[PDB]
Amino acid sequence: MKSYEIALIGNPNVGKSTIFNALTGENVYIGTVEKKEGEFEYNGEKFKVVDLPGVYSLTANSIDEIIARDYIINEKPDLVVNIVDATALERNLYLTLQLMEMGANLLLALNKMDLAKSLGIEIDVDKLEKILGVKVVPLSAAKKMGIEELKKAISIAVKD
């Protein structure tokens, strides 16, 4: 079976583990010894997933930032899934710009849409997509909503 390599990356607390469990079925109740590698199958193909340490940027200021940056550069994931918090877009987009700059094949998972909704915050996904030039997948991972959309967007993005 054909396999692809996928990395999850994003700010602390955005829902990386929640999405990792949702995609791969690993760590059925996280936060004891969290798995950071796993896989899922979609439309006859296999997707190996790695959950990278939470970072705010990719300079060389912490162990985690060095670990994240080395993975993208040297391991060359087929797709980087940049998970962003819908309720703190400006903060998250800093990391996002650095990922674009380094030439990563990128896909944006826009999490916590349920929180945004309940706080009256509106995100124009189609407009965000047009501006960035990157595909955007709206989801609420803790409610397990938009997970199949993410699997689908991923399987298309690895070929792009």
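One rule holds for the numbers: they count along the sequence shown, beginning at 1.
According to the record, 4 to 9 deposited residues between residue 31 and residue 32 are left without atomic coordinates.
Checked against the record, the higher mean CA B factor of 125 to 133 and 63 to 71 lies with 125 to 133.
The mean Cα B-factor in the deposited entry runs higher for 114 to 122 than for the other of 114 to 122 and 45 to 53.
Out of 95, 109, 106, 102, the entry records its largest CA B-factor for 102. For residue 6, the recorded CA temperature factor ranks within the lowest third of the chain's modelled residues. Residue 153 sits in the lowest third of its chain by CA B factor, as recorded in the PDB entry.
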